[PDB]
Amino acid sequence: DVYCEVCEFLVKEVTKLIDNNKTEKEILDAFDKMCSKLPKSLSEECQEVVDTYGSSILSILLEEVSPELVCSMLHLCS
């Protein structure tokens with residue numbers, strides 16, 4: 001309800017990049033600018049999530065697992 005919020009944030013943003021035809025390389029690189037979207041309170045936690053979870057989020061999304069389930073699958077939400 002903290003690492004969960006940043007996790008829901010990232011999932012959506014990555015599925016936007018998926019829906020806009022970004023290669024996987026391009027999304028890994030778009031992780032640095034993603035946490036810029038957020039206020040400073042959250043940024044640090046955000047970069048903690050990108051660092052351990054980012055590419056695992058992307059891969060699961062790329063397996064066609066529902067965006068909805070990603071964060072709880074990874075034990076960041078729920």
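Because the Cβ atoms are built from the backbone with ideal geometry, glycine has one as well, and the counts that use them run over all protein chains shown. Values in this text are rule-based calculations from the coordinates and carry no lab data.
Please sort by residue number the GluC sites (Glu not before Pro) in the chain whose DSSP state is loop and whose Cβ has at most 11 other Cβ atoms within 10 Å. Don't skip to the end; give the middle numbers.
Numbers: sites: 5, 8, 13, 24, 26, 44, 45, 48, 63, 64, 68; in loops: 63, 64.
Those that pass, being in a loop and sparsely packed, are 63, 64.
Provide the per-residue ³J(HN,Hα) series for the range 60-69, in order, calculated from phi with Karplus coefficients 6.51, -1.76, 1.60 and θ = phi - 60°, each as a whole number of Hz, with x at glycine and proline positions.
4, 4, 6, 6, 6, 6, 3, x, 2, 9
In deg cm²/dmol, rounded to 500, what helix-only [θ] at 222 nm does the chain give when every DSSP H run of at least 4 residues adds -39500 (n - 2.57) and the total is split over its residues?
On the way: 4 runs with 58 residues, N = 78.
It comes out at -24000 deg cm²/dmol, rounded to the nearest 500.
Regarding the chain, what are the three Cα extents along the principal axes, ordered largest first, in Å?
Cα spread of the chain along its principal axes, largest to smallest: 31, 26, 18 Å.
So for the chain, averaging the separation of alpha carbon pairs under 8 Å that are six or more residues apart and normalising by length, what relative contact order in percent results?
On the way: 54 pairs, mean separation 39.9, N = 78.
Value for the chain: 51 percent.
About its Cα centre, how strong a charge dipole does the chain have in debye, to the nearest 20, once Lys and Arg get +1 and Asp and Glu get -1 at the Cβ?
On the way: 7 positive and 16 negative charges, 49 e Å.
With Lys and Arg at +1 and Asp and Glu at -1, about 240 debye.
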